[PDB]
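What follows is the content of final-v7.txt, which has compact mmCIF, C-alpha atoms and all ligand atoms:
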# COMPACT_ATOMS: atom_id res chain seq x y z
CA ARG I 1 122.44 105.36 125.56
CA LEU I 2 120.28 103.78 128.25
CA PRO I 3 123.19 102.42 130.36
CA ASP I 4 124.76 105.89 130.48
CA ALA I 5 121.40 107.53 131.20
CA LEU I 6 120.91 105.18 134.14
CA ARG I 7 124.49 105.80 135.25
CA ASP I 8 123.99 109.57 135.31
CA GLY I 9 120.47 109.30 136.74
CA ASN I 10 118.84 111.51 134.13
CA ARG I 11 115.11 111.82 133.52
CA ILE I 12 114.01 108.88 131.37
CA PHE I 13 110.65 109.05 129.62
CA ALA I 14 110.78 105.80 127.64
CA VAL I 15 113.28 103.42 126.06
CA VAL I 16 113.39 102.48 122.39
CA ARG I 17 114.80 98.99 121.88
CA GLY I 18 114.63 98.51 118.11
CA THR I 19 114.24 100.40 114.84
CA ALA I 20 114.07 99.00 111.32
CA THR I 21 114.09 100.34 107.77
CA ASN I 22 112.64 98.77 104.64
CA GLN I 23 111.59 99.85 101.16
CA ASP I 24 108.60 98.65 99.16
CA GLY I 25 110.64 98.20 95.98
CA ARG I 26 108.76 98.16 92.69
CA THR I 27 105.09 98.41 93.61
CA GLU I 28 102.25 99.13 91.19
CA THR I 29 103.05 102.85 91.02
CA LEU I 30 105.66 105.21 92.43
CA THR I 31 103.50 105.84 95.51
CA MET I 32 101.89 102.43 95.95
CA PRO I 33 102.73 100.92 99.36
CA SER I 34 103.63 97.26 99.84
CA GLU I 35 101.91 95.21 102.53
CA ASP I 36 104.67 92.60 102.33
CA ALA I 37 107.35 95.26 102.83
CA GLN I 38 105.48 96.60 105.85
CA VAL I 39 105.26 93.11 107.35
CA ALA I 40 108.96 92.64 106.65
CA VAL I 41 109.95 95.85 108.43
CA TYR I 42 107.69 94.89 111.34
CA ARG I 43 109.49 91.55 111.62
CA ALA I 44 112.86 93.29 111.38
CA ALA I 45 111.95 95.74 114.15
CA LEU I 46 110.66 92.92 116.35
CA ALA I 47 113.86 90.94 115.83
CA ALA I 48 116.10 93.95 116.46
CA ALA I 49 114.22 94.86 119.64
CA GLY I 50 114.35 91.25 120.82
CA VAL I 51 110.68 91.08 121.79
CA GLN I 52 107.45 89.39 120.77
CA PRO I 53 104.47 91.07 119.07
CA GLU I 54 102.11 89.72 121.74
CA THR I 55 103.95 91.90 124.26
CA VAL I 56 103.03 95.15 122.49
CA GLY I 57 99.45 96.27 123.07
CA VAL I 58 99.46 99.74 121.49
CA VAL I 59 100.36 100.43 117.86
CA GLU I 60 100.79 103.96 116.50
CA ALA I 61 100.32 103.59 112.76
CA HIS I 62 100.96 106.15 110.03
CA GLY I 63 97.19 106.51 109.60
CA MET Q 1 75.08 116.48 45.89
CA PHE Q 2 75.32 115.39 49.54
CA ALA Q 3 79.01 114.55 48.89
CA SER Q 4 79.89 113.53 52.46
CA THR Q 5 79.37 114.26 56.14
CA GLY Q 6 81.60 114.05 59.20
CA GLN Q 7 79.61 115.65 62.00
CA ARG Q 8 80.06 114.47 65.59
CA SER Q 9 76.80 112.52 65.76
CA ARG Q 10 78.32 109.49 67.50
CA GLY Q 11 76.44 109.99 70.77
CA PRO Q 12 75.95 106.50 72.21
CA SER Q 13 78.78 104.00 71.75
CA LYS Q 14 78.13 102.36 68.42
CA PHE Q 15 81.36 100.56 69.32
CA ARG Q 16 79.57 98.78 72.17
CA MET Q 17 76.66 97.71 69.97
CA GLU Q 18 78.90 96.56 67.11
CA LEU Q 19 81.01 94.55 69.55
CA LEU Q 20 77.85 93.00 71.01
CA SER Q 21 76.74 92.03 67.50
CA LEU Q 22 80.16 90.54 66.77
CA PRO Q 23 80.97 87.11 68.23
CA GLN Q 24 82.43 87.19 71.73
CA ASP Q 25 85.84 86.06 70.46
CA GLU Q 26 86.07 89.19 68.32
CA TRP Q 27 85.38 91.30 71.42
CA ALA Q 28 88.95 90.72 72.61
CA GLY Q 29 90.51 92.02 69.40
CA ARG Q 30 88.34 95.13 69.10
CA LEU Q 31 88.81 96.04 72.76
CA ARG Q 32 92.54 95.41 72.37
CA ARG Q 33 92.76 97.78 69.41
CA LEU Q 34 90.68 100.45 71.15
CA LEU Q 35 92.79 100.27 74.31
CA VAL Q 36 96.05 100.35 72.35
CA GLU Q 37 94.90 103.38 70.36
CA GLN Q 38 93.67 105.32 73.39
CA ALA Q 39 96.73 104.50 75.49
CA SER Q 40 99.04 105.51 72.65
CA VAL Q 41 97.11 108.77 72.39
CA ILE Q 42 97.26 109.59 76.10
CA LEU Q 43 100.88 108.48 76.52
CA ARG Q 44 101.76 110.18 73.19
CA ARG Q 45 103.78 107.14 72.08
CA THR Q 46 102.91 103.89 70.32
CA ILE Q 47 102.68 100.80 72.51
CA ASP Q 48 102.75 97.02 72.33
CA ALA Q 49 99.64 94.99 73.12
CA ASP Q 50 101.46 92.87 75.73
CA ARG Q 51 103.99 95.20 77.35
CA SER Q 52 102.81 96.43 80.74
CA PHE Q 53 101.45 99.95 80.99
CA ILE Q 54 103.75 100.27 84.01
CA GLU Q 55 106.79 99.96 81.75
CA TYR Q 56 105.08 102.54 79.53
CA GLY Q 57 104.85 105.00 82.43
CA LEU Q 58 101.10 104.81 83.10
CA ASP Q 59 100.97 106.73 86.37
CA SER Q 60 98.01 107.14 88.71
CA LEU Q 61 96.80 110.20 86.81
CA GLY Q 62 97.18 108.37 83.51
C1 LIG W 1 103.63 111.78 102.92
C2 LIG W 1 102.84 112.80 102.10
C3 LIG W 1 103.63 114.05 101.74
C4 LIG W 1 103.21 114.74 100.44
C5 LIG W 1 103.74 116.16 100.27
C6 LIG W 1 103.67 116.75 98.87
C7 LIG W 1 104.69 117.86 98.63
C8 LIG W 1 104.77 118.50 97.25
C9 LIG W 1 106.19 118.61 96.69
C10 LIG W 1 107.28 118.93 97.69
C11 LIG W 1 108.50 119.62 97.09
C12 LIG W 1 109.76 119.63 97.95
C13 LIG W 1 110.79 120.67 97.53
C14 LIG W 1 112.15 120.12 97.10
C15 LIG W 1 112.86 120.92 96.03
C16 LIG W 1 102.85 110.50 103.15
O1 LIG W 1 102.73 110.15 104.42
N1 LIG W 1 102.28 109.88 102.05
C17 LIG W 1 100.83 109.82 102.18
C18 LIG W 1 100.70 108.36 102.21
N2 LIG W 1 101.41 108.08 100.97
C19 LIG W 1 100.76 107.22 100.17
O2 LIG W 1 100.20 106.21 100.61
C20 LIG W 1 100.58 107.62 98.73
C21 LIG W 1 99.17 108.11 98.80
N3 LIG W 1 98.32 107.54 97.76
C22 LIG W 1 97.78 108.33 96.85
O3 LIG W 1 97.19 109.35 97.16
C23 LIG W 1 97.82 107.82 95.40
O4 LIG W 1 98.98 107.01 95.28
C24 LIG W 1 97.88 108.79 94.17
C25 LIG W 1 97.52 110.25 94.48
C26 LIG W 1 99.30 108.85 93.60
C27 LIG W 1 96.93 108.44 93.02
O5 LIG W 1 96.54 107.05 92.74
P1 LIG W 1 97.60 105.96 92.17
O6 LIG W 1 98.57 105.56 93.26
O7 LIG W 1 96.78 104.80 91.63
Translate the structure described by the file into structure tokens.
Ligand SMILES: *[C@H](CCCCCCCCCCCCCC)C(=O)NCCNC(=O)CCNC(=O)[C@H](O)C(C)(C)COP(*)(=O)O
Amino acid sequence: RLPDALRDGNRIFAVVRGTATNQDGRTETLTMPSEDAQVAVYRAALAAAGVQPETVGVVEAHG
Amino acid sequence: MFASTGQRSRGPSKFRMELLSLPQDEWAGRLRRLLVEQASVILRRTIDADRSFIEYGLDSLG
């Protein structure tokens, strides 16, 4: 927890502020991804982190 | 004396030519029957002409 890490003065590399989970549902096949589901989980992560997409400049995709 | 013959001399798709000869409206029915037959063969089970192949289990490999 970031408050406790700051309180104990430990080495901090970076802070994660939001994580989200979503499922594609019934896509075309069992392995087909869903663009809409990906957008939904992006929105959920942005909302949970309390931040705007314009703030983020680097995206590490599954690729 | 020739009796009959059944050799695999199909070669080019006589189906394509016979469909081309037939009026374009017939093309839908013949293609429908061909697809239904082939899909029933590959999926091993008979199928309906309107039910989705997804609900018949047509995977990526299929
Ligand atoms: C994760 C890829 C991990 C695959 C590992 C395979 C392991 C073999 C079995 C493990 C047994 C475990 C033992 C338990 C007792 C991943 O990041 N997925 C790659 C991206 N995933 C996808 O986007 C699916 C990839 N697409 C495709 O390649 C096509 O969907 C396929 C190949 C299904 C064909 O076309 P179809 O979708 O039209």
Within 10 Å of ligand LIG 1 (chain W), which residues show up when you count all atoms listed in the file? List them as a PDB file with C-alpha atoms, in the frame of the given file, please.
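Final output, part-v9.pdb:
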ATOM      1  CA  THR I  27     105.090  98.410  93.610  1.00  0.00           C
ATOM      2  CA  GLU I  28     102.250  99.130  91.190  1.00  0.00           C
ATOM      3  CA  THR I  29     103.050 102.850  91.020  1.00  0.00           C
ATOM      4  CA  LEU I  30     105.660 105.210  92.430  1.00  0.00           C
ATOM      5  CA  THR I  31     103.500 105.840  95.510  1.00  0.00           C
ATOM      6  CA  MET I  32     101.890 102.430  95.950  1.00  0.00           C
ATOM      7  CA  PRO I  33     102.730 100.920  99.360  1.00  0.00           C
ATOM      8  CA  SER I  34     103.630  97.260  99.840  1.00  0.00           C
ATOM      9  CA  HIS I  62     100.960 106.150 110.030  1.00  0.00           C
ATOM     10  CA  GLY I  63      97.190 106.510 109.600  1.00  0.00           C
TER      11      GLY I  63
ATOM     12  CA  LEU Q  58     101.100 104.810  83.100  1.00  0.00           C
ATOM     13  CA  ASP Q  59     100.970 106.730  86.370  1.00  0.00           C
ATOM     14  CA  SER Q  60      98.010 107.140  88.710  1.00  0.00           C
ATOM     15  CA  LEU Q  61      96.800 110.200  86.810  1.00  0.00           C
ATOM     16  CA  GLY Q  62      97.180 108.370  83.510  1.00  0.00           C
TER      17      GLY Q  62
END
> Could you work out how far atom CA of residue Q:26 lies from atom CA of residue Q:14, giving the answer in Å with one decimal?
Replying inline: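 Atom-to-atom, atom CA of residue Q:14 and atom CA of residue Q:26 are spaced 15.4 Å apart.
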>> I'd like the interatomic distance between atom CA of residue Q:9 and atom CA of residue Q:29, to a tenth of an Å.
In response: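 Rounded to one decimal, the two atoms are 24.9 Å apart.
Within 10 Å of residue I:23, once all atoms listed in the file are used and residues closer than 3 positions along the same chain are dropped, the contacting residues are residues 26, 33, 34, 37, 38, 40 and 41 of chain I.
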Some atoms are absent from stretch 36-58 of chain I, so rebuild N, CA, C and O atoms and return them as a short mmCIF file (atom, residue, chain, number, x, y, z; two decimals), in the coordinates of the input.
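Final file, rebuild.cif:
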data_model
loop_
_atom_site.label_atom_id
_atom_site.label_comp_id
_atom_site.auth_asym_id
_atom_site.auth_seq_id
_atom_site.Cartn_x
_atom_site.Cartn_y
_atom_site.Cartn_z
N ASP I 36 103.59 93.53 102.00
CA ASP I 36 104.67 92.60 102.33
C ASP I 36 105.88 93.34 102.89
O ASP I 36 106.51 92.87 103.85
N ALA I 37 106.23 94.48 102.31
CA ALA I 37 107.35 95.26 102.83
C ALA I 37 107.07 95.75 104.24
O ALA I 37 107.97 95.76 105.09
N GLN I 38 105.84 96.17 104.51
CA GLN I 38 105.48 96.60 105.85
C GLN I 38 105.59 95.45 106.85
O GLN I 38 106.12 95.63 107.95
N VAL I 39 105.12 94.27 106.47
CA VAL I 39 105.26 93.11 107.35
C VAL I 39 106.73 92.80 107.57
O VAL I 39 107.15 92.45 108.69
N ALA I 40 107.54 92.92 106.52
CA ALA I 40 108.96 92.64 106.65
C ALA I 40 109.64 93.60 107.62
O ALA I 40 110.44 93.19 108.46
N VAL I 41 109.32 94.89 107.52
CA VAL I 41 109.95 95.85 108.43
C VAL I 41 109.44 95.64 109.85
O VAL I 41 110.19 95.84 110.81
N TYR I 42 108.18 95.24 110.01
CA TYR I 42 107.69 94.89 111.34
C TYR I 42 108.49 93.74 111.93
O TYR I 42 108.92 93.79 113.09
N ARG I 43 108.71 92.69 111.14
CA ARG I 43 109.49 91.55 111.62
C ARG I 43 110.91 91.97 111.96
O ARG I 43 111.47 91.54 112.97
N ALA I 44 111.50 92.82 111.13
CA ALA I 44 112.86 93.29 111.38
C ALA I 44 112.93 94.08 112.68
O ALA I 44 113.87 93.90 113.47
N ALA I 45 111.96 94.96 112.91
CA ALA I 45 111.95 95.74 114.15
C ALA I 45 111.76 94.83 115.36
O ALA I 45 112.42 95.02 116.39
N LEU I 46 110.87 93.85 115.25
CA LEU I 46 110.66 92.92 116.35
C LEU I 46 111.93 92.15 116.67
O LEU I 46 112.30 91.98 117.83
N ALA I 47 112.62 91.68 115.63
CA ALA I 47 113.86 90.94 115.83
C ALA I 47 114.94 91.82 116.45
O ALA I 47 115.66 91.40 117.36
N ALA I 48 115.07 93.05 115.95
CA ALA I 48 116.10 93.95 116.46
C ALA I 48 115.83 94.30 117.92
O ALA I 48 116.76 94.36 118.74
N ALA I 49 114.57 94.54 118.26
CA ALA I 49 114.22 94.86 119.64
C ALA I 49 114.29 93.65 120.56
O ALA I 49 114.31 93.83 121.78
N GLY I 50 114.34 92.45 120.01
CA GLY I 50 114.35 91.25 120.82
C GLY I 50 113.12 91.15 121.70
O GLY I 50 113.22 91.14 122.93
N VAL I 51 111.95 91.07 121.07
CA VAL I 51 110.68 91.08 121.79
C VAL I 51 109.63 90.44 120.89
O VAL I 51 109.82 90.28 119.69
N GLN I 52 108.51 90.05 121.50
CA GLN I 52 107.45 89.39 120.77
C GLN I 52 106.29 90.34 120.50
O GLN I 52 106.02 91.24 121.31
N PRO I 53 105.60 90.17 119.37
CA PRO I 53 104.47 91.07 119.07
C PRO I 53 103.37 91.01 120.11
O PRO I 53 102.71 92.03 120.37
N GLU I 54 103.15 89.85 120.73
CA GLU I 54 102.11 89.72 121.74
C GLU I 54 102.36 90.64 122.92
O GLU I 54 101.42 91.05 123.61
N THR I 55 103.63 90.97 123.18
CA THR I 55 103.95 91.90 124.26
C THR I 55 103.39 93.29 124.02
O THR I 55 102.86 93.90 124.95
N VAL I 56 103.47 93.79 122.79
CA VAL I 56 103.03 95.15 122.49
C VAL I 56 101.51 95.17 122.41
O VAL I 56 100.89 94.30 121.77
N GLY I 57 100.90 96.15 123.07
CA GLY I 57 99.45 96.27 123.07
C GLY I 57 98.94 97.51 122.36
O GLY I 57 97.76 97.60 122.03
N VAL I 58 99.82 98.48 122.13
CA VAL I 58 99.46 99.74 121.49
C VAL I 58 100.32 99.94 120.26
O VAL I 58 101.55 99.86 120.33
#
